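Structure record follows, encoded as structure tokens.
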Amino acid sequence: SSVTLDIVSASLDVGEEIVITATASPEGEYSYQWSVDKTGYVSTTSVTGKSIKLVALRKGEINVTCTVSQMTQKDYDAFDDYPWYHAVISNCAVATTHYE
Amino acid sequence: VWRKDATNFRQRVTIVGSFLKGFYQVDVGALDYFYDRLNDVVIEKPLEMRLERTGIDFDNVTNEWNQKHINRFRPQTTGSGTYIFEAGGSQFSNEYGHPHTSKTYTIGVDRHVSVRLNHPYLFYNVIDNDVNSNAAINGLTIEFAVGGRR
Amino acid sequence: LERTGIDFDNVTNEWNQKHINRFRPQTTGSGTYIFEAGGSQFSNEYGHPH
Amino acid sequence: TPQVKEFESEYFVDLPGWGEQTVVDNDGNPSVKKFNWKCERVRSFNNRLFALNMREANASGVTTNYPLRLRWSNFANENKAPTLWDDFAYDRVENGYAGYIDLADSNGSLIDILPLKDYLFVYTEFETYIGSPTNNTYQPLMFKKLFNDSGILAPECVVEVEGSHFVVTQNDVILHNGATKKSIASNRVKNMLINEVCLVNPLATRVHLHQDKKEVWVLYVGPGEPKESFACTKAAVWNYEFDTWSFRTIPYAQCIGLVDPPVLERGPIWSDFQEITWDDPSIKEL
Amino acid sequence: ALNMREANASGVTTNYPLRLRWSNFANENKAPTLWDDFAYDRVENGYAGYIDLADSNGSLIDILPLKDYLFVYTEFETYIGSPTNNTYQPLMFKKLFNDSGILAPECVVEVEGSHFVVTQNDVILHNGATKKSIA
Amino acid sequence: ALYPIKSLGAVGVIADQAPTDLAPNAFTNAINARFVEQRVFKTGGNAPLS
Amino acid sequence: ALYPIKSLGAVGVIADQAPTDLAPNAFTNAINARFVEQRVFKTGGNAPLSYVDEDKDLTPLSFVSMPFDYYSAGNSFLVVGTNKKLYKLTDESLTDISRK
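Protein sequences, first through last, are from chains E, V, D, P, A, Z and R. Numbered according to the entry's author numbering, the first sequence spans residues 454 to 553. Numbered according to the entry's author numbering, the second sequence spans residues 856 to 1005. Numbered according to the entry's author numbering, the third sequence spans residues 906 to 955. Numbered according to the entry's author numbering, the fourth sequence spans residues 554 to 646, 663 to 855. Numbered according to the entry's author numbering, the fifth sequence spans residues 604 to 646, 663 to 754. Numbered according to the entry's author numbering, the sixth sequence spans residues 2 to 51. Numbered according to the entry's author numbering, the seventh sequence spans residues 2 to 101.
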């Protein structure tokens, strides 16, 4: 349901820290993914956690947001004639099937 | 096994994603898993090797059309095992000759295989269906004579 | 040093038995080696010393 | 930290500039800060210094490992080591550029590195590379892929012998002059070395250029030893002048190197044994 | 020049065994007349400078040219000299070997588009990018 | 005269060619075999893995 | 006919190959041997070595032969490291130059 935050504004100085906490209306279990409008100016750690720690790094305004998502199961359709290929880059893997 | 033969310093193994609902190693001890559609069951059996060469005319030694009495093959193997030699021939050059005999060359006991043929075009086959065999074949040395023609 | 399977194929037939009598080396310097020799009636086995 | 030792110094000290990173605040106000940088291997090339598998930290110091990161410093000085490692220089508003490429390969770990005739040769157990240094421009070094299966075994299993490299590609020995590789142990000792090294501890494998007699042996741990031991016991020596393989034993070498001998073996003098006598006071092998 | 003992104000000398300076071009029946690297600073051609090589065991003992390409020897980690017409970097030195290196300051000489060097263990005869063993 | 048959693994299967015009160290058909330049032996089989 | 066996050192160990299909100047196994193109002889053994009597109770992990140093004269020395410390020896005394 609707999500709200008790924090909407803050004043920081380069070198100071701050921590924000996200809390949805229901007490269920959901996934979090923090975002930033202007790259830089801050440093994040464990973006998938409901409590993020920020560190001012440069001058300028900024507007942070937290995207809550209720992940669910989903089945693919990678048949035998359209299997996976599994390339590799920067130690990261890829799926790369047809229709997906 | 205590110490399996390795092909890498890190001891990495080649694995296969099989259609038989599971993984499988591709290069391992003698064993072959052949699937059967009749009973819908997996079946394991020894790995069957087969070598085959036809049309041995000895043209580099004597004349092709000349009949040649085959008596022995004197191989120089390595390791332990138990092969199953087969041999035959045909009076022509186009046909895959019919077999004439078959013998087992167990290493450490036998020093040769005895076969009796006189067809002019010889062919020999080698089979290794044993599970506890890791032998090898470096080369052969056939003993043969020369008869006639027509 | 160790070398097995000396069949003399480049001289005579392998399966033929060969009576070994002497080794005539051409060494250099001073020393005292300890030669060992053996064989086997087959080609696959590491022969036993004699 | 690497803990360099200056030429005009008698004590070890951390590298200068190690961890320095240029930060620009609001309105373009530059400043420098040092972060906890930890490396795994460092070598010299083109008057520069390199690094492999950097554990580059930052503000909010939850460290993020970058096993494919590779930094290079500025040029050397008169009897001194480099003094700048920061990639974000020239941001305070011409030469002496430092940076990285963040390679993309398989299995990463960027273990080893070695130069060859002005061309680097990175090894990470797979997907080797080559380093092409330019005089001076935006891209001082352009790395191009070389192989897809080649790759060094351990961090010190490579050494230059004759305009080439003596590498162990997880399956055998290779000797490539550049753009072409061979197999020095194709069907001679491959199944022997793989077996003898794959038992106890392969990562302890090492190499040394025995240029004194034209031999390049690959040290490794003996067959029967503890799995926690790193003291190489046996060695497979290869002569690059006649292409012959041979083995031997070593006295449990944790390392190896070349150095001049003591004064008693560096060439002694009659009027030096003023305190020594014929009673071999702990010295007989003379 | 090799192994320059370059002094300065507060003249406690600092030895730079890897320093290597080069002067301007010659003149009519005269020797060079400028060794300073910090010229063109008074606010086009005739540049002098150094590179301050980085190698092992240093001592930068010997030097010898070969067909427009220098060949520096310091008992280890030989080099090559590539002179350009005229630019910021007139000479760009590239590493050549890791084990090669002359024995003494005068154990090298050109014979036929190559060098006769003593690499601490034997004689070598390299035409450039490839070396051999004469002994 | 001499009739040696060596290097059985120098060359493997040669089909699509007159079998009466090949070398003695060749084969018209093979399966589950492995050659290294002088030798022939059974190829490693298969087995499950979990 | 002739049956010479020369150049015993032209080629050394050749394993993984049918020993009954090699040359007479080859070996199926060797250890502590040295060949130069015509000859074979025992390889040089091992022996201890101590610049000073204090190094005989040390387990070094690596070292390099530094040829020169400002404080040192025209004589080479060693920079050896151990599990915890870095030592230097120049045939006269041992010193711990580990960074403080």
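Note that beta-carbon positions come from the ideal geometry of N, C-alpha and C, so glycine has one too.
Opening and closing residue of the beta strand (DSSP E) in which residue i lies
| i | result |
| --- | --- |
| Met67 (chain R) | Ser63 to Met67 |
| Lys713 (chain P) | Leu710 to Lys714 |
| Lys587 (chain P) | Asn582 to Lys587 |
| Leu3 (chain Z) | Unbroken run through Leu3 (chain Z): none, as it is neither H nor E. |
| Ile911 (chain V) | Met904 to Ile911 |
| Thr474 (chain E) | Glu470 to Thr474 |
| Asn980 (chain V) | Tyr976 to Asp983 |
| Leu685 (chain A) | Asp681 to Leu685 |
| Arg775 (chain P) | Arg775 to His779 |
| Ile743 (chain P) | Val742 to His745 |
| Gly720 (chain P) | Neither: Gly720 (chain P) is in no beta strand (DSSP E) and is coded neither H nor E. |
| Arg594 (chain P) | Looking at the DSSP string, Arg594 (chain P) is not in any beta strand (DSSP E), and its letter there is neither H nor E. |
| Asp671 (chain A) | Where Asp671 (chain A) is concerned, there is no enclosing beta strand (DSSP E), given that its DSSP letter is neither H nor E. |
| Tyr879 (chain V) | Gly877 to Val883 |
| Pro702 (chain A) | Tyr698 to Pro702 |
| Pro820 (chain P) | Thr813 to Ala822 |
| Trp487 (chain E) | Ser484 to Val489 |
| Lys506 (chain E) | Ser504 to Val508 |
| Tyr888 (chain V) | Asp887 to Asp891 |
| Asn808 (chain P) | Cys801 to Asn808 |
| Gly826 (chain P) | Unbroken run through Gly826 (chain P): none, as it is neither H nor E. |
Sequence-distant residues of its chain with Cβ nearer than 6 Å to residue i (five each side left out)
| i | result |
| --- | --- |
| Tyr707 (chain P) | none |
| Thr996 (chain V) | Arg929 |
| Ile753 (chain A) | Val742 and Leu744 |
| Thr616 (chain P) | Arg608 and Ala610 |
| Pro954 (chain V) | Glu941 and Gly943 |
| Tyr494 (chain E) | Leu510, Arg511, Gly513 and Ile515 |
Selected residue, minimal CA-CA separation from residue i, among the options
| i | options | result |
| --- | --- | --- |
| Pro49 (chain Z) | V:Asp887, V:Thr909, V:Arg908 and V:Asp895 | V:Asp887 |
| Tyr692 (chain A) | A:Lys713, A:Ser719, A:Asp671 and A:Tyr669 | A:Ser719 |
| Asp674 (chain A) | P:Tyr643, P:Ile721 and P:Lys633 | P:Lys633 |
| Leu906 (chain D) | R:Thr44, R:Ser77 and R:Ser63 | R:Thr44 |
| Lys923 (chain V) | V:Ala991, V:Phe874 and V:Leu977 | V:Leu977 |
| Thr774 (chain P) | P:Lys782, P:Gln780 and P:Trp786 | P:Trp786 |
| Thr636 (chain A) | A:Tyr643, A:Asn627 and A:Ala642 | A:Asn627 |
| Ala861 (chain V) | P:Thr703, P:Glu765 and P:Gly793 | P:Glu765 |
| residue 554 (chain E) | E:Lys506, E:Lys491 and E:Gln523 | This structure gives no information on residue 554 (chain E), because the portion of chain E shown stretches from 454 to 553. |
| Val517 (chain E) | E:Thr492, E:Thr525 and E:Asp533 | E:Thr492 |
| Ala942 (chain V) | V:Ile962, V:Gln931 and V:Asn973 | V:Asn973 |
| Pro702 (chain A) | A:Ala604, A:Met711 and A:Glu696 | A:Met711 |
| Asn579 (chain P) | E:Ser454, E:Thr550, E:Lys512 and E:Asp534 | E:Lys512 |
| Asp985 (chain V) | V:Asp965, V:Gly963 and V:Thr959 | V:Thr959 |
| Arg35 (chain Z) | Z:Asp17, Z:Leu3, Z:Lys7 and Z:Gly13 | Z:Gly13 |
| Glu482 (chain E) | E:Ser462, E:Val521 and E:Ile542 | E:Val521 |
| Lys803 (chain P) | P:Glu797, P:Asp812, P:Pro830 and P:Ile819 | P:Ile819 |
| residue 660 (chain A) | A:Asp639, A:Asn704, A:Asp687 and A:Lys714 | Missing here is residue 660 (chain A): after 646, the next number in chain A is 663. |
| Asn84 (chain R) | R:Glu38, R:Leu9, R:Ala27 and R:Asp97 | R:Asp97 |
| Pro25 (chain Z) | V:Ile898, V:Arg1005, V:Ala1000 and V:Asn993 | V:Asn993 |
Proximal residues to residue i (C-beta, below 8 Å), its chain only, five neighbours per side dropped
| i | result |
| --- | --- |
| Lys503 (chain E) | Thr474, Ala475, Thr476 and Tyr485 |
| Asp912 (chain V) | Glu919, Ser948, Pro975 and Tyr976 |
| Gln946 (chain V) | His974, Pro975 and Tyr976 |
The ligand FAD heavy atom lying under 7 Å from the CB of residue i
| i | result |
| --- | --- |
| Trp839 (chain P) | Among the ligands in the structure shown, none appear at all, so the ligand FAD cannot be discussed. |
Endpoints, alpha helix (DSSP H) assigned at residue i
| i | result |
| --- | --- |
| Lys759 (chain P) | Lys759 to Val766 |
Neighbourhood of residue i by C-beta distance below 7 Å, restricted to the same chain and skipping five residues each side
| i | result |
| --- | --- |
| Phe598 (chain P) | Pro684 and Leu689 |
Cβ distance (whole Å) where residue i is taken to contact residue j below 8 Å
| i | j | result |
| --- | --- | --- |
| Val467 (chain E) | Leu510 (chain E) | 6 Å |
| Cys824 (chain P) | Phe64 (chain R) | 6 Å |
| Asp671 (chain A) | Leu621 (chain A) | 6 Å |
| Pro20 (chain R) | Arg908 (chain D) | 7 Å |
| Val970 (chain V) | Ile925 (chain V) | 6 Å |
| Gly677 (chain A) | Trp625 (chain A) | Going by Cβ atoms, the distance from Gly677 (chain A) to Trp625 (chain A) rounds to 19 Å, so no, they are not a contact pair. |
| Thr29 (chain Z) | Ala11 (chain Z) | Not confirmed; about 16 Å, so no contact. |
| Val566 (chain P) | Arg100 (chain R) | 6 Å |
Segments assigned beta strand (DSSP E), at least 3 residues, entirely inside the segment 926 to 974 of chain V
937 to 945, 953 to 961 and 968 to 972
Where in the segment 4 to 46 of chain Z do unbroken runs of the beta strand (DSSP E), each at least 3 residues long, occur, reported from the N-terminal end onward?
30 to 32, 34 to 36 and 41 to 43
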